[PDB]
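What follows is a short report on a single structure.
What follows is calculated from the coordinates using simple rules that are stated; it is not laboratory data. Note: ideal-geometry Cβ built from the backbone for every residue, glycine included; neighbour counts use all protein chains shown.
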Amino acid sequence: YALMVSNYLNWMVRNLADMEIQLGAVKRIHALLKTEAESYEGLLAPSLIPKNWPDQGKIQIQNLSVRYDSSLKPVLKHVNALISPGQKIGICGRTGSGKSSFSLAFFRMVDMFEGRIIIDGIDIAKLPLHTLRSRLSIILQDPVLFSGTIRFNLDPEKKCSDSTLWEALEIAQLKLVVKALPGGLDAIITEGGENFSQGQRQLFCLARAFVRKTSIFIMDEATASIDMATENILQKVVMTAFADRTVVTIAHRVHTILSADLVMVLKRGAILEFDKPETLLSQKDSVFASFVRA
Amino acid sequence: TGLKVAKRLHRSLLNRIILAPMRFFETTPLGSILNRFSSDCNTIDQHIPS
Amino acid sequence: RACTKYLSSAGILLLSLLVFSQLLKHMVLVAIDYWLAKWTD
Amino acid sequence: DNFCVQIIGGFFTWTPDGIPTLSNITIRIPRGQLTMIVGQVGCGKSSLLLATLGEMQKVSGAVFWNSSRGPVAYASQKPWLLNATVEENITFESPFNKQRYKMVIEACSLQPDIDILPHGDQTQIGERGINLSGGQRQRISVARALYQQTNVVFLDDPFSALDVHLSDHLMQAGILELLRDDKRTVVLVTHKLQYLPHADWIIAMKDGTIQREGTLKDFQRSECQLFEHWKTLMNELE
Ligand SMILES: Nc1ncnc2c1ncn2[C@@H]1O[C@H](COP(=O)(O)OP(=O)(O)OP(=O)(O)O)[C@@H](O)[C@H]1O
Ligand SMILES: Nc1ncnc2c1ncn2[C@@H]1O[C@H](COP(=O)(O)OP(=O)(O)O)[C@@H](O)[C@H]1O
Ligand SMILES: [Mg+2]
Ligand SMILES: [Mg+2]
């Protein structure tokens, strides 16, 4: 047994140091395991939520002021607006005016420390996050694609048929491009969509939102990576295909929202102007007229 | 013991990450989150039971 | 805490079975060597 | 001679043995001038930019450099940021030259951004650093491209993440003033057609080929349809 001490004292000390290093990895996993979670429960009862709680698409915004964290500056200050169902709302302003946080406010991705967003008579703070975020579609400015087929990127849960996917691709000007690929809807999108262009990746994300077929679409500078020629026909076919649906279009180019029903001009997180573009362009001193003229 | 802890810790980590807010994902670098699945999980699955 | 996550994930029954079985196996080996020492005399 | 890059009959493929993504590429980029590549989505613009750089496999044709390509200041369409600071990303392995650094900061209008962040001009950027807005990533990449003393600048959609004022100030103070005074070759892929009057040379692309290559006076007679189409998009293009 003394020879075993001579062989195993070193092995015991080595395994103790190793076990300390392994418990470091367990410690890092537990430290990541104690991170806070979003409140997915929701105060409103699931029976009180109808089967299609965006029944028509009415949006009321009452004294909304949002921020991203506690002890941080509110990126929106006293936002108050009404959106009748079926109305098209163009949102314009300079970069940094809180108009993407406005789009994120409908999905509760920002800290709404005061104010309410009532959609069809239901406050969205009372609702579960999956319930809120499943009945609304958003198109971010930056495309996010995943590895897999085109069918997997448009419909990962396989809840829609091939005709719906082809309508979504045809609206997003990708019928000919996807049909030219030999797989078709089974054509492989690489990690981050590197086998497609930036505009084609963004059109894939637009078609990804067109599959869902909700009542409220929020297009947050979707056509920034798209050329003007195909942007105009894409805007026209989105307006015709979603004529009965409330669309909140955030304009990378202001001339795209000249045909909108109402235009929300944001200045430094405050709605300076919220009116029809025909009356808004009639005023010479209006900021929206300076956006269109320059 | 190694199989049980290796299953349960990855299940808990994967379920707790997807419920964390986007403020956490923007603040924390993705390497710090991903290395728990890559290296620390590899230690717990393989190196720790040995 | 964070260092004790492995013990809580293992559970009391599995961890105590591991410790008890290892201790009993090594004391059985000690008993075998002691009985061999008594036998050789 | 008087040109920077030239391609004669260039067939280039992304895939090793697939259909050529570029066909019959014939470009004559002038040196010290602004060349603008314009076209629709997925028509070969970034592919042409990377076919001159040798990043894409060539099937046929010839590529000539009269600058043996040498360095080319490149701002990719997806902005690439190192794990270092704002200043190290803009400088990008170059001597500091604070007088030029202030001009590059003001041309990209990055001065209000470095008046925020916990350590302005020294905050770590990218992975393991603070997350930026997409416009800020775009402007730091463009500031890296504008800062260097490279004869050739390649810009691939620098105005995608920016609004009207930032793009106009970057076009005027950065491209038309900072780059022109150095007599620098600028090749600018853009979807903003309002800057076509500021272009010395225009390369129009269509389905991975050169549709028409010339000045705006050339497009007024050679391609009447595309000229009028451009005029319809932006509401006599002199
Ligand atoms: N890295 C790549 N690998 C394979 N195919 C690619 C790659 N990049 C582009 N392609 C394909 O080659 C064609 C040309 O794309 P390209 O990169 O030239 O786009 P682009 O004209 O710059 O796009 P946009 O203006 O929409 O950003 C497209 O049909 C695209 O699918
Ligand atoms: N993830 C974030 N965390 C903290 N603050 C943010 C975040 N995203 C944006 N902001 C803040 O919001 C302001 C810009 O609002 P934003 O909606 O991004 O404007 P725009 O829509 O014009 O890009 C910035 O001053 C920035 O500080
Ligand atoms: Mg934005
Ligand atoms: Mg490109």
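Mean per-residue shielding of peptide D:107-114 is 0, counting Cβ atoms of other chains within 10 Å of each Cβ. Dividing the Cα radius of gyration of region A:1-81 by 2.2 N^0.38 Å, with N the residue count, gives 2.43. Convex hull volume per residue, computed on the Cα atoms of chain A, equals 216 Å³. Counting only the Cα atoms, region D:1-75 fills a convex hull of 103 Å³ per residue. Mean per-residue shielding of peptide A:194-200 is 5, counting Cβ atoms of other chains within 10 Å of each Cβ. Take A:44-52, A:94-102 and order them by the average number of nearby Cβ atoms within 10 Å per residue, most first; the result is A:94-102, A:44-52. This model, with +1 at the C-beta of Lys and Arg and -1 at the C-beta of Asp and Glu, gives region D:67-213 a dipole about its Cα centre of some 280 debye. Within the shell defined by Cβ-Cβ distances under 9 Å, the residues around D:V152 carry a net charge of +3, with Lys and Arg each +1 and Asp and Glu each -1. Rg ratio for chain D: its Cα radius of gyration over 2.2 N^0.38 Å, N being its residue count, equals 1.03. Compactness of the protein assembly as shown was expressed as the Cα radius of gyration divided by 2.2 N^0.38 Å, which yields 1.18.
A simple packing score, the average count of other Cβ atoms within 10 Å per residue, orders the peptides A:217-224, D:46-53, D:3-10, C:26-33 as A:217-224, D:46-53, D:3-10, C:26-33, with the highest score first. Note on region A:175-294: Rg/Rh from Cα positions, Kirkwood definition for Rh, rounded to two decimals, is 1.04. With a ≥ b ≥ c the root eigenvalues of the C-alpha gyration tensor of region A:29-72, is it rounded (a/c under 1.5), prolate (a/b larger than b/c) or oblate? Because a/c hits 1.5 or more and a/b fails to exceed b/c, region A:29-72 counts as oblate. Note the angle between two axes, namely the Cα long axis of helix A:198-212 and the longest principal axis of the Cα atoms of chain A, as a number of degrees from 0 to 90, rounded to the nearest 10. Its long axis makes an angle of about 80 degrees. Listed cross-link partners A:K175/D:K206; A:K58/A:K213; D:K78/D:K102; A:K73/A:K267 are compared with a 20 Å cut-off, the Cα-Cα value being larger for D:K78/D:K102. Helix A:162-171 against the longest principal axis of chain A: what's the angle in degrees, Cα atoms only, rounded to the nearest 10? Approximately 60 degrees, to the nearest 10.
Between D:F64 and D:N131, the simple label model (points 7 Å from Cα in the Cβ direction) yields a spacing of 5.0 nm.
If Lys and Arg each add +1 and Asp and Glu each add -1, what is the summed charge of the other residues whose beta carbon sits under 11 Å from the beta carbon of A:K73? Net of charged neighbours comes to +2.
Taken over chain B, the alpha-carbon convex hull comes to 54 cubic angstrom per residue.
Neighbours of D:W14, meaning other residues whose beta-carbon lies under 12 angstrom from its beta-carbon, give a summed charge of -2 when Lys and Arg score +1 and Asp and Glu score -1. In the protein assembly as shown, a dipole from Cβ-located charges (positive for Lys and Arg, negative for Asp and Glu) runs towards its positive end, and of A:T164, D:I25, A:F106 it is A:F106 whose Cα lies farthest in that direction. Projected label points at D:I8 and A:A45, each 7 Å from Cα along the beta carbon direction, are separated by 8.2 nanometres.
What shape does region A:52-134 take by its C-alpha gyration tensor, where a ≥ b ≥ c are the square roots of the eigenvalues and a/c under 1.5 counts as rounded, a/b above b/c as prolate, and the rest as oblate? The shape class here is oblate. Charged side chains reduced to their Cβ positions (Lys and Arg at +1, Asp and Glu at -1) give the protein assembly as shown a dipole of some 1160 debye around its Cα centre.
Think of region A:246-294 as having a plus end and a minus end, set by charges on the Cβ of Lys, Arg, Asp and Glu; of A:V247, A:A294, A:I257, A:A294 sits farthest toward the positive end of this dipole.
Taking trypsin sites (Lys or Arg not before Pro) across chain C, the ones in a DSSP loop with at most 13 further Cβ atoms lying within 10 angstrom of their Cβ are C:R1. For region A:69-215, the Cα gyration tensor yields ellipsoid semi-axes of 33, 17, 14 Å (square root of five times each eigenvalue, largest first, whole Å). Using θ = phi - 60° in the Karplus curve 6.51 cos²θ - 1.76 cosθ + 1.60, the 3J(HN,Hα) couplings for region A:254-270 round to 5, 5, 6, 9, 6, 9, 6, 6, 9, 10, 9, 9, 9, 10, 6, x, 10 Hz; x is entered for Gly and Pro. In the protein assembly as shown, taking the dipole from charged Cβ atoms about the Cα centre, the farthest positive-side position among C:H26, B:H47, B:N15 is held by C:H26. For region A:253-294, trypsin sites (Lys or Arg not before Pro) meeting the loop criterion (DSSP other than H, G, I, E, B) and having at most 13 other Cβ atoms within 10 Å: A:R268, A:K284.
For the peptides A:57-63, D:185-191, A:190-196, the ranking by packing is D:185-191, A:57-63, A:190-196, with the highest mean count of neighbouring Cβ atoms within 10 Å listed first.
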